[PDB]
Amino acid sequence: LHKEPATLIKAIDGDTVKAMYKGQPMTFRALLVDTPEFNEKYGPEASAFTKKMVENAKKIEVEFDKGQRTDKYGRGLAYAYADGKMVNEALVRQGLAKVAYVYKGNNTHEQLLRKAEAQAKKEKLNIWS
Ligand SMILES: Cc1cn([C@H]2C[C@H](OP(=O)(O)O)[C@@H](COP(=O)(O)O)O2)c(=O)[nH]c1=O
Ligand SMILES: [Ca+2]
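Residue labels used throughout are counted from 1 along each chain in written sequence order rather than taken from the entry, whose numbering may differ, and residues without coordinates are not included. The naming scheme follows written order: chains are lettered A onward, ligands numbered 1 onward. Think of the side-chain values as coming from all heavy atoms in the structure, minus any hydrogens and water.

(A) Main features of the layout of surface pockets. Volume-wise, the largest pocket comes out at about 430 Å³. Points on a 1 Å grid, built from protein atoms alone, make a cavity when a 1.4 Å probe fits but cannot get out and make a pocket when they are open with protein on both sides within 12 Å along at least 5 of 7 lines; residues with an atom within 4 Å of a point are the lining residues. Lining the largest pocket are 19 residues; nearest its centre among them are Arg-29, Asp-71, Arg-75, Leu-77 and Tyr-101. Grid points are joined across faces, edges and corners, and a volume is the space filled by probe spheres set on the points.

(B) Quick peek at the packing of aromatic side chains. Only centres within 6.5 Å qualify two rings of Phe, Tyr or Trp (six-membered ring in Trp) as a pair; their planes then separate them into stacked at under 30 degrees, edge-to-face at over 60, and tilted for everything else. This model, assessed by the stated rule, comprises three aromatic pairs. When the centroid spacing of 6.0 Å and the interplanar angle of 90° are considered together, the rings of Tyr-21 and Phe-28 count as edge-to-face. Between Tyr-21 and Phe-64, the aromatic rings sit 5.4 Å apart at their centres with planes inclined by 65°, giving edge-to-face as the arrangement. Remark: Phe-64 occurs in strand β5 (residues 60-64) and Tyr-21 occurs in strand β2 (residues 16-21); sequence separation between them is 43 residues. Like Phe-64, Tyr-21 is buried. We count a charge as sitting over a ring when the NZ of a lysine or the CZ of an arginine lies within 6 Å of the ring centre and within 35 degrees of the ring normal. Just above the ring of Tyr-81 sits the side chain of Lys-3; from NZ or CZ to the centre is 4.2 Å. Over the ring of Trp-128 we find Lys-121, and its NZ or CZ is 4.1 Å from the ring centre. Secondary structure elements follow DSSP: runs of H or I of four or more residues count as helices, runs of E of two or more count as strands, with numbering from the N terminus. For every residue, the accessible area (1.4 Å probe, protein chains only) is compared with the maximum for its type, and the residue is labelled buried under 20%, exposed over 50%, or partly exposed between those bounds.

(C) Local environment of the UniProt feature "binding site: Ca(2+)" in the protein. UniProt positions are given in the numbering used here, feature names are shortened, and annotations may be inferred rather than shown by experiment. Per the UniProt entry, the sites bearing "binding site: Ca(2+)" are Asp-15, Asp-34 and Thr-35 in this numbering. A maximum C-alpha distance of 6.7 Å among these annotated residues, which run over 21 residues, shows that they cluster at one spot. Among the annotated residues just listed, those lining the largest cavity are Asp-15. Contact criterion: two residues are considered in contact whenever any of their non-hydrogen atoms come within 4.5 Å of each other. If we skip the residues at most four places from it in the chain, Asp-15 touches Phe-28, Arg-29, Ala-30, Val-33, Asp-34 and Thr-35. Within the secondary structure, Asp-34 is located in strand β4 (residues 33-34). Residues within four places of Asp-34 in sequence aside, it is in contact with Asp-15, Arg-29, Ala-97, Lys-98, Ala-100 and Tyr-101.

(D) Up close: the site of ligand 1. Nearness is defined per residue: one heavy atom within 4 Å of the molecule or strand is enough. Looking at ligand 1, the residues that line it are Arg-29, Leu-31, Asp-34, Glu-37, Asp-71, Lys-72, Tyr-73, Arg-75, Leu-77, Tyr-101 and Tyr-103. The definition of a polar contact used here is a pair of N or O atoms within 3.5 Å, where within protein one atom must be able to donate a hydrogen and the other to accept one, and adjacent residues in sequence count solely through side-chain atom pairs. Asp-34 places a side-chain nitrogen or oxygen 3.3 Å from an oxygen atom of ligand 1. Within the side chain of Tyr-73, a nitrogen or oxygen atom sits 2.7 Å from an oxygen atom of ligand 1. Taken by itself ligand 1 offers 560 Å² of open surface, and the protein chains cover 73% of this. Think of it this way: a molecule belongs to a cavity or pocket when more than half its atoms come within 2 Å of the grid points there. Structurally, ligand 1 is housed in the largest pocket. Partitioned by chemical class, the residues of the shell around ligand 1 number five nonpolar, no polar and six charged. Here the accessible surface of atoms and residues is derived via Shrake-Rupley with a 1.4 Å probe, and residues count as covered only by protein chains that are part of the display. Think of it as three bins: nonpolar holds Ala, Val, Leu, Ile, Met, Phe, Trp, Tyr, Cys and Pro, charged holds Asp, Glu, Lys and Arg, and polar takes everything else, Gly as well.

Here it is as structure tokens:
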């Protein structure tokens with residue numbers, strides 16, 4: 001896979017961010033994770049985690065997988081990186097997202113993220129507490 005440039009427009013919630021990609025605004029939905037909705041327990045925490053991460057980064061980057069690049073809502077499906085650190089992985093390692101929506105053909109980082117989730121569950125963090 002390859003990392004491509006993007007510029008943060010707004011953090012939206014734990015697993016969606018709006019960003020400028022190839023010069024057009026795009027809402028990105030993080031591959032392979034599911035944060036709680038803002039109205040649910042750990043929703044506000046997930047939202048603040050991802051917001052801090054992307055807003056504090058000197059750059060963000062998006063990396064598409066091998067399969068679908070857009071979902072049925074028009075959202076970009078990507079792994080997002082904040083100064084080289086993957087947001088998707090970080091959320092799962094902190095117990096603020098579950099590994100989810102793992103579709104054949106769009107699951108390059110599945111094992112990386114399942115390992116993180118095992119660690120968060122072992123440490124009883126957030127969702128897992
Ligand atoms: C993460 C992801 C979500 N989606 C779709 C499936 C779900 O459809 P449904 O809306 O019909 O439930 C929805 C979940 O996103 P949210 O968790 O942002 O609600 O997004 C994909 O199609 N591919 C993906 O890789
Ligand atoms: Ca969600």
